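Notes for the one structure printed next.
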Amino acid sequence: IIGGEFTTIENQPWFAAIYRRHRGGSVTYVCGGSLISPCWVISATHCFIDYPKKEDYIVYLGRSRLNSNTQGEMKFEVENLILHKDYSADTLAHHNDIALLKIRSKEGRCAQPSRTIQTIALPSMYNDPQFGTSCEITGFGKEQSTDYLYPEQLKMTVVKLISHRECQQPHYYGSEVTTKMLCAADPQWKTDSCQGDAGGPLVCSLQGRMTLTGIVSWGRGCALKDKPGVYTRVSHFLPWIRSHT
Ligand SMILES: N=C(N)NCCC[C@H](NC(=O)CNC(=O)[C@H]1CCC(=O)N1)C(=O)Nc1ccc(N(O)O)cc1
Numbered sequence: 159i160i161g162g163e164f165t166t167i168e169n170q171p172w173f174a175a176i177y178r179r180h181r182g183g184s185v186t187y188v189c190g191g192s193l194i195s196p197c198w199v200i201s202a203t204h205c206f207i208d209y210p211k212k213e214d215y216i217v218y219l220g221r222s223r224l225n226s227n228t229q230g231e232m233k234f235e236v237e238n239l240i241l242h243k244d245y246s247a248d249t250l251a252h253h254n255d256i257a258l259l260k261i262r263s264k265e266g267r268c269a270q271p272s273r274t275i276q277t278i279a280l281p282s283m284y285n286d287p288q289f290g291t292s293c294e295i296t297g298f299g300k301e302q303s304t305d306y307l308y309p310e311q312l313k314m315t316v317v318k319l320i321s322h323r324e325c326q327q328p329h330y331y332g333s334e335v336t337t338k339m340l341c342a343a344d345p346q347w348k349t350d351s352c353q354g355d356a357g358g359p360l361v362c363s364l365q366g367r368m369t370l371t372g373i374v375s376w377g378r379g380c381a382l383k384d385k386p387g388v389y390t391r392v393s394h395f396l397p398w399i400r401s402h403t
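In this text, residue positions in the sequence shown follow mature numbering (1 follows the signal peptide of the UniProt record, and there is no 0): the first is 159, and each later residue adds one.
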């Protein structure tokens, strides 16, 4: 995350930190995700497309720090890694960039809500909020596009939903952005998601409820003028989600 503020998992208790075991024993961070039901985390396909082997992945819930323990965290294995059949990546755009991780503990259990762990609601079919709405994003991604390391503490920030009208302008993204995506940026272009934040939540208030409206996907650079963050439009994938769940 570029700009914004450090936070803790209590303020984003649906946030799932996803890691990969390295054959040869080193574990590194992959991507964020969101707990949409006790047994299910949603994230982005492109996080996993290069190594689609469920056994190699670990999901943490209740975690506020990248490489150190948070009291109240819970570790899960991936019982099922479901990637989207029609995923594709072009020059920039990633299409159908959505994934599901069915999680279970070694002890056979799914997630249990606590002070640091709660589920997030899905939006209703095709129901988004209006352009101009303020939403929050969260993740362990880079604080600067140029950085070589990720921050050790979870960050979040606030961005605004942009109209497809605006995002499609040729000086923005033009054709690469579709109606299965959503653009969000700072009006002054000072804060954004970045490399390391993929799979994480874009969370907006919808009917009195914090709802998972988008999944961090792609952008050109991070926090660049006229290049908003692009997010998978959750409200357009409910049947996929419901089928595969
Ligand atoms: N909001 C803005 N402005 N940008 C969003 C960046 C999210 C980021 N997504 C991507 O990198 C997808 N690819 C890109 O964004 C390309 C296009 C622009 C660029 O410079 N790189 C991420 O964390 N990606 C990511 C990709 C792969 C992996 N591993 O797991 O495979 C992990 C993270």
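For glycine and all other residues, C-beta sits at the position ideal for the given N, C-alpha and C.
query, result
"Once the 5 residues before and after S263 are set aside, which same chain residues still bring their CB inside 8 angstroms of it?", "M232, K233, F234 and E235"
"Among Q365, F206 and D355, which has the Cα closest to the Cα of residue 132?", "As shown, the chain starts at 159 and ends at 403. That puts residue 132 outside it, with no answer to give."
"Regarding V236 and ligand 1, is the C-beta to nearest heavy atom distance less than 8 angstroms?", "no"
"Excluding five sequence neighbours on each side, which residues of the same chain lie with their C-beta closer than 6 angstroms to the C-beta of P309?", "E301"
"Following a CB-centred definition, is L241 positioned closer than 8 angstroms to any heavy atom of ligand 1?", "no"
"Could you pull out every residue in the same chain whose Cβ sits closer than 7 angstroms to the Cβ of residue 414, ignoring the five residues on either side in sequence?", "Look at the range of the chain in this structure, 159 to 403, and you will see that residue 414 is not part of it."
"Considering only C-alpha positions, which residue in the set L307, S292 and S393 is nearest to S363?", "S292"
"Taking the straight line between their C-alpha atoms, what separation do you get for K260 and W198?", "5 angstroms"
"Output needed for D384: all residues of its chain with C-beta closer than 6 angstroms, excluding positions within five of it in sequence on either side, in chain order.", "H329 and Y330"
"Under three-state DSSP, which class holds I399?", "helix"
"Tell me, please, whether the segment 265-273 touches the segment 249-256 by the rule of three or more beta-carbon pairs shorter than 8 angstroms.", "no"
"Taking only three categories from DSSP, how would you classify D350?", "strand"
"Where does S184 sit, in a helix, a strand or coil, going by DSSP?", "coil"
"The beta strand (DSSP E) spanning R223 covers which residue range?", "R223 -> no beta strand (DSSP E), and no H or E assigned at all."
"When the Cα of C205 is compared with those of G230, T337, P281 and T186, which residue comes out closest?", "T186"
"Looking at ligand 1, does it come within less than 8 angstroms of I373, judged from the CB to the closest heavy atom?", "no"
"With distance defined between alpha-carbon atoms, name the residue in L312, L193, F164 and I200 nearest to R391.", "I200"
"May I have the straight-line CA-CA distance separating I240 from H180, to the nearest angstrom?", "20 angstroms"
"Please report the residue range of the beta strand (DSSP E) in which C325 lies.", "Per DSSP, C325 belongs to no beta strand (DSSP E); it is in the alpha helix (DSSP H), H322 to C325."
"What is the rounded straight-line gap between the Cα of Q170 and the Cα of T296?", "8 angstroms"
"Have a look at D214 and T203 and give me their C-alpha separation to the nearest angstrom.", "15 angstroms"
"According to the Cβ coordinates, are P359 and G190 closer than 9 angstroms?", "yes"
"Using a 10 Å radius around the Cβ and a threshold of 16 neighbouring Cβ atoms, would you call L307 buried or exposed?", "exposed"
"Looking at the unbroken beta strand (DSSP E) that takes in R367, where does it start and where does it end?", "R367 to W376"
"Contact check, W172 vs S195 under 8 angstroms by CB: the rounded distance?", "Incorrect: roughly 10 angstroms between the Cβ atoms, too far for contact."
"Measuring only from the beta carbon, is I194 closer than 8 angstroms to any heavy atom that is part of ligand 3?", "The ligand content of the structure shown is limited to ligand 1, which means ligand 3 is not among them."
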